[PDB]
2 protein chains.
Amino acid sequence: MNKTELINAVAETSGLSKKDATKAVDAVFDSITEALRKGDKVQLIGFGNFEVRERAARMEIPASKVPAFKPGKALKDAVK
Amino acid sequence: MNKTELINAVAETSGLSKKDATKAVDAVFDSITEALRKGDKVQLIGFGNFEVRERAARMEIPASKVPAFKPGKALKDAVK
């Protein structure tokens with residue numbers, strides 16, 4: 001499933017037009033990206049959580065930030 | 001940021017009403033969950049990819065499926 005297909009699925013099940021579904025899909029992902037940028041954690045009931053972890057400085061290799069996702073029980077169970 | 005706050009952010013930036021933004025947010029996450037359930041991979045340009053990995057059977061511990069996320073370059077760079 002790619003982005004175009006996700007937008008089509010969102011449009012079809014929500015009743016929004018494809019133009020509005022597009023706006024909403026972009027806003028979801030842009031919002032999550034902005035929250036992480038600020039160093040906040042995005043906690044979504046049922047789905048999972050997004051957070052940023054810092055990878056430690058070492059061996060003359062600087063520290064860096066890594067976006068990460070932890071699946072929630074609901075997603076873990078649906079996939080099993 | 002929790003789900004309610006994500007919905008508010010989506011409503012505010014997309015121009016949709018909070019009721020429609022709710023529908024769209026749920027559809028995004030339900031769609032991604034359904035795609036994984038089917039064993040498909042969700043590839044979203046800029047953000048990242050979701051996929052299911054099988055954890056191997058071993059030591060009289062059965063195999064199991066794990067939902068996973070790989071961040072895309074765009075998200076990696078925005079967060080750094």
# chains A, B, ... in the order shown; residues from 1 in each chain; ligands from 1

call {"tool": "interface_residues", "arguments": {"of": "chain A", "to": "chain B", "cutoff": "6 Å", "atoms": "only C-alpha atoms", "output": "MDAnalysis selection string"}}
result
chainID A and resid 1:3 10 14 23 27 37 42:44 65 79:80

call {"tool": "write_last_selection", "arguments": {"atoms": "N, CA and C atoms", "output": "mmCIF file, in the first residue's frame"}}
result
data_model
loop_
_atom_site.group_PDB
_atom_site.id
_atom_site.type_symbol
_atom_site.label_atom_id
_atom_site.label_comp_id
_atom_site.auth_asym_id
_atom_site.auth_seq_id
_atom_site.Cartn_x
_atom_site.Cartn_y
_atom_site.Cartn_z
ATOM 1 N N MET A 1 0.879 -1.194 0.000
ATOM 2 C CA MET A 1 0.000 0.000 0.000
ATOM 3 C C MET A 1 0.897 1.219 0.000
ATOM 4 N N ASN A 2 0.692 2.141 -0.933
ATOM 5 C CA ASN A 2 1.494 3.349 -0.944
ATOM 6 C C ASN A 2 0.602 4.517 -0.484
ATOM 7 N N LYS A 3 1.125 5.736 -0.478
ATOM 8 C CA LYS A 3 0.372 6.916 -0.038
ATOM 9 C C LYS A 3 -0.923 7.176 -0.831
ATOM 10 N N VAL A 10 -8.836 6.059 2.674
ATOM 11 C CA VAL A 10 -9.369 7.027 3.620
ATOM 12 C C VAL A 10 -10.617 7.706 3.042
ATOM 13 N N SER A 14 -14.290 7.136 4.832
ATOM 14 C CA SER A 14 -14.726 8.287 5.611
ATOM 15 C C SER A 14 -15.808 9.157 4.953
ATOM 16 N N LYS A 23 -5.534 16.181 2.008
ATOM 17 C CA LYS A 23 -5.168 17.203 2.971
ATOM 18 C C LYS A 23 -5.019 16.616 4.358
ATOM 19 N N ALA A 27 -1.664 16.204 6.663
ATOM 20 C CA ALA A 27 -1.688 16.844 7.992
ATOM 21 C C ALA A 27 -1.351 15.876 9.138
ATOM 22 N N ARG A 37 9.908 16.638 16.020
ATOM 23 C CA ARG A 37 10.893 17.690 15.818
ATOM 24 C C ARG A 37 11.059 18.469 17.133
ATOM 25 N N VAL A 42 4.412 11.129 20.546
ATOM 26 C CA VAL A 42 3.082 11.002 19.966
ATOM 27 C C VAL A 42 2.578 9.656 20.420
ATOM 28 N N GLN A 43 1.551 9.689 21.272
ATOM 29 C CA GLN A 43 0.932 8.500 21.847
ATOM 30 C C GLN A 43 -0.463 8.340 21.282
ATOM 31 N N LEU A 44 -0.653 7.281 20.499
ATOM 32 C CA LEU A 44 -1.925 6.993 19.851
ATOM 33 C C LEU A 44 -2.509 5.697 20.372
ATOM 34 N N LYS A 65 20.112 11.829 16.649
ATOM 35 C CA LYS A 65 18.753 11.534 17.072
ATOM 36 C C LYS A 65 18.069 10.599 16.107
ATOM 37 N N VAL A 79 -2.170 -8.111 14.018
ATOM 38 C CA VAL A 79 -1.215 -8.630 13.068
ATOM 39 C C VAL A 79 -0.798 -10.093 13.252
ATOM 40 N N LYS A 80 -0.922 -10.591 14.480
ATOM 41 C CA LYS A 80 -0.527 -11.958 14.829
ATOM 42 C C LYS A 80 -1.266 -13.108 14.124
#

call {"tool": "select_by_dssp", "arguments": {"residues": "chain B", "states": "strand (DSSP E or B)", "output": "list in words"}}
result
residues 2, 42, 43, 44, 48, 49, 50, 51, 52, 53, 54, 55, 58, 61, 64, 65, 66, 67, 68, 69, 70 and 71 of chain B

call {"tool": "write_last_selection", "arguments": {"atoms": "C-alpha atoms", "output": "short mmCIF file (atom, residue, chain, number, x, y, z; two decimals), in the first residue's frame"}}
result
data_model
loop_
_atom_site.label_atom_id
_atom_site.label_comp_id
_atom_site.auth_asym_id
_atom_site.auth_seq_id
_atom_site.Cartn_x
_atom_site.Cartn_y
_atom_site.Cartn_z
CA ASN B 2 -2.15 12.28 22.07
CA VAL B 42 2.73 0.35 3.85
CA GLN B 43 5.24 2.62 2.11
CA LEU B 44 4.75 6.34 2.72
CA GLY B 48 8.62 5.80 6.56
CA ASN B 49 7.49 2.23 6.06
CA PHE B 50 5.45 -0.21 8.14
CA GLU B 51 5.86 -3.97 7.69
CA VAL B 52 5.45 -7.24 9.58
CA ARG B 53 8.46 -9.39 10.46
CA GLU B 54 8.25 -12.98 11.65
CA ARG B 55 10.25 -13.86 14.73
CA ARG B 58 13.08 -21.57 18.84
CA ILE B 61 8.82 -21.01 21.86
CA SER B 64 5.22 -14.87 16.13
CA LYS B 65 4.62 -11.78 14.02
CA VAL B 66 5.88 -8.33 14.88
CA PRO B 67 4.69 -5.04 13.35
CA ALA B 68 7.65 -2.73 12.65
CA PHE B 69 8.35 0.79 11.32
CA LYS B 70 11.39 2.04 9.39
CA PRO B 71 11.75 5.83 9.30
#

call {"tool": "select_by_dssp", "arguments": {"residues": "chain B", "states": "alpha helix (DSSP H)", "output": "VMD selection string"}}
result
chain B and resid 3 to 14 18 to 37 73 to 79
